[PDB]
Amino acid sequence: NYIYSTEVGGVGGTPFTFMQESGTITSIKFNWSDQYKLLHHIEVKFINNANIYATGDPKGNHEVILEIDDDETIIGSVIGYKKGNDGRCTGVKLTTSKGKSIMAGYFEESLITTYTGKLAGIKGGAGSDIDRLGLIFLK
C-alpha cells in the first residue's frame, strides 16, 4: 500500500525509516545552512501522535515547517542533491493540493521530481548532514 520514491544523495549517515501504519505525515520540518548549502536535520509528526521523529544534526541557521491538512496531498515535490557515493541532500520544494508550498536549501547540482500523493513517510541516512532522502506515499 506504499510507493517508495528514489533515495537521492550519498551512502553515508545513520539509517532512518519513519512511517506509522494507518497514519500520514501531518507536519515536516527541514533544517539547512548557508555555510555548507546542505540540509542537516529533518523532523516529522504523524496524525493523532504528538511524538516528533528526528534525524540529522540541527546545526543549520534556517528551518521551514510545512503543516498538512488530513485531506491534503503533495502535487509537486523536488529534492536537490549532490550525486555519487559522497552525495548529500541540498534542498526541497514541496507544493500541496491547497497551493501551500515550502522551499528549503539549494538546487545547484542534481534534482529529482518525485511521485505525488499523500505523504506517508521518509527513509534515508543522516549524520552531520542529510546524506540521502526518499519520500514515501500511500498507493
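Throughout, we count residues from 1 along the sequence that is shown.
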Quiz item: Should the higher mean CA B-factor in the entry be assigned to 1-9 or to 129-137?
Solution: 1-9
Exercise. Using only the Cα atoms and their B-factors as the entry lists them, report which of 14-22 and 112-120 averages higher.
Key: 14-22
Quiz item: Split the chain's modelled residues into thirds by Cα B-factor; is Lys59 in the lowest, middle or highest one?
Solution: middle
Self-check item: Third of chain Cα B-factors occupied by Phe107
Solution: highest
Quiz item: When the modelled residues of the chain are sorted by Cα temperature factor, does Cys89 land in the lowest, middle or highest third?
Solution: highest
Quiz item: Comparing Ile74 with the other modelled residues of its chain, is its CA B-factor in the lowest, middle or highest third?
Solution: middle
Exercise. Please rank the C-alpha B-factors of the chain's modelled residues and tell me whether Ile47 sits in the lowest, middle or highest third.
Key: highest
